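To start, the structure itself, in structure tokens.
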Amino acid sequence: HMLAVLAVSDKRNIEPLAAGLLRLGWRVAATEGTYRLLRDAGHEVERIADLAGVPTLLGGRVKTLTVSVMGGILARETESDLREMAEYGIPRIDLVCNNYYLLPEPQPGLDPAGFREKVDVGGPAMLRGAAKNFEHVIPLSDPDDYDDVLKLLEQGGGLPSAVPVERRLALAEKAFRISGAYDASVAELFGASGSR
């Protein structure tokens with residue numbers, strides 16, 4: 001029935017969420033960092049790379065940029081999308097969790113090495129896609145929202161409908177806000193990189 005993708009750089013509260021979803025019968029898949037932490041803690045999390053992804057291809061830089069992962073987030077409930085999900089065997093991704101690493105301060109002559117490869121590309125694609133499709137994907141970013149979502153799913157037997165439309169739109173607006181502030185900070189670092 002269910003599937004979550006955990007692609008967080010800030011690991012705070014990620015274990016009570018992953019464990020809470022696993023006890024509800026959900027399938028929990030994670031990117032590279034979250035996976036090793038959750039598996040060492042003894043949770044049956046799946047690797048988002050091997051699963052519906054593209055592992056080792058470019059050091060894993062496209063591992064969530066596949067039809068299976070991005071289609072599982074963006075596909076509508078139209079007859080045409082349901083048919084194509086069935087033809088290709090693409091399950092729906094019901095929950096996306098995406099966090100960003102801490103970025104340094106904008107100082108003149110900033111070396112791009114201090115922030116650039118920490119910039120997430122596939123992550124925000126999943127989170128912005130989940131927020132745009134919030135009726136069918138739960139978009140989580142702030143670790144302070146994990147508990148209320150997990151509790152809601154726990155009252156409603158783990159079904160994604162247990163998170164109402166009203167809560168999904170609030171999380172979706174928050175997701176775009178976090179992404180917008182993330183890009184504005186990264187732009188400031190590139191601008192400071194161009195000074196002396």
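Please note that chains go A, B, ... in the order of the structure tokens, that every chain numbers its residues from 1, and that ligands are numbered from 1 in the order shown.
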Spatial neighbours of residue 188 (chain A), max dist 10 Å, only C-alpha atoms, sep filter under 6 positions, as a list in words: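 Contacts, with the query itself left out: residues 105, 106 and 107 of chain A.
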Put those residues in a file: N, CA and C atoms, as a PDB file, in the first residue's frame.
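Below you can see selection-v2.pdb, which holds the result:
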```pdb
ATOM      1  N   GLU A 105      28.745  31.273   5.515  1.00  0.00           N
ATOM      2  CA  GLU A 105      28.338  32.660   5.368  1.00  0.00           C
ATOM      3  C   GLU A 105      28.931  33.270   4.101  1.00  0.00           C
ATOM      4  N   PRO A 106      28.255  34.262   3.517  1.00  0.00           N
ATOM      5  CA  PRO A 106      28.794  34.950   2.335  1.00  0.00           C
ATOM      6  C   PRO A 106      29.912  35.905   2.720  1.00  0.00           C
ATOM      7  N   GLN A 107      31.149  35.503   2.438  1.00  0.00           N
ATOM      8  CA  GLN A 107      32.310  36.346   2.660  1.00  0.00           C
ATOM      9  C   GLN A 107      32.963  36.684   1.326  1.00  0.00           C
TER      10      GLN A 107
END
```
Considering only C-alpha atoms, give me a table of residues in region 98-190 of chain A that are at most 7 Å from region 63-83 of chain A, with the closest atom pair and distance in Å for each, as a Markdown table.
```
| residue | atom | partner | partner_atom | distance |
| --- | --- | --- | --- | --- |
| A:122 | CA | A:64 | CA | 6.1 |
| A:126 | CA | A:70 | CA | 6.7 |
| A:129 | CA | A:74 | CA | 6.0 |
| A:130 | CA | A:73 | CA | 5.8 |
| A:133 | CA | A:74 | CA | 6.3 |
| A:137 | CA | A:73 | CA | 6.5 |
```
Name all residues at most 10 Å from residue 157 (chain A) (count only C-alpha atoms; drop same-chain ones fewer than 5 positions away) and give them as a PDB file with C-alpha atoms, in the first residue's frame.
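Okay, this is what ended up in out_22.pdb:
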```pdb
ATOM      1  CA  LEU A  24       2.624   1.150  10.294  1.00  0.00           C
ATOM      2  CA  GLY A  25       3.549  -1.189   7.425  1.00  0.00           C
ATOM      3  CA  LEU A 152      -2.014  11.697  12.327  1.00  0.00           C
ATOM      4  CA  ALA A 162      -5.281  10.396   7.677  1.00  0.00           C
TER       5      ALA A 162
END
```
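Note that CA of residue 29 (chain A) and CA of residue 47 (chain A) are 5.5 Å apart.
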Find the residues around residue 112 (chain A) up to 9 Å (only C-alpha atoms counted), leave out those fewer than 5 positions away in its own chain, and share them as an mmCIF file with C-alpha atoms, in the first residue's frame.
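Saved as selection.cif:
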```
data_model
loop_
_atom_site.group_PDB
_atom_site.id
_atom_site.type_symbol
_atom_site.label_atom_id
_atom_site.label_comp_id
_atom_site.auth_asym_id
_atom_site.auth_seq_id
_atom_site.Cartn_x
_atom_site.Cartn_y
_atom_site.Cartn_z
ATOM 1 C CA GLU A 117 28.770 20.239 -3.648
ATOM 2 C CA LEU A 189 27.198 32.593 -1.851
ATOM 3 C CA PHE A 190 27.748 32.607 -5.621
ATOM 4 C CA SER A 193 32.269 34.168 -4.697
#
```
DSSP-assigned strand (DSSP E or B) among region 1-195 of chain A, expressed as an NGL selection string: :A and (3-7 or 27-30 or 46-47 or 95-98 or 138-140)
Å distance separating CA of residue 177 (chain A) from CA of residue 98 (chain A), one decimal place: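 One can read the CA of residue 177 (chain A) to CA of residue 98 (chain A) distance as 13.2 Å.
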Close residues, residue 154 (chain A) itself excluded, 12 Å, only C-alpha atoms, min 6 positions apart in chain, as a PyMOL selection string: chain A and resi 17+20-26+147-148+160-163
Closest of A:52, A:58, A:97, A:165 to residue 8 (chain A) - atom-to-atom distances counting only C-alpha atoms: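 Counting only C-alpha atoms, the residue closest to residue 8 (chain A) is A:97.
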Alpha helix (DSSP H) residues, from DSSP on the backbone, in region 19-192 of chain A, as a ChimeraX atom specification: /A:19-23,32-40,67-74,79-88,122-132,146-155,165-192
Contact residues around residue 146 (chain A) with only C-alpha atoms at 12 Å, ignoring same-chain residues under 6 positions, as an MDAnalysis selection string: chainID A and resid 6 11:21 95:98 138:140 152:153 171
Two-atom distance - CA of residue 175 (chain A), CA of residue 144 (chain A) (Å):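 Going from CA of residue 175 (chain A) over to CA of residue 144 (chain A), I get 12.9 Å.
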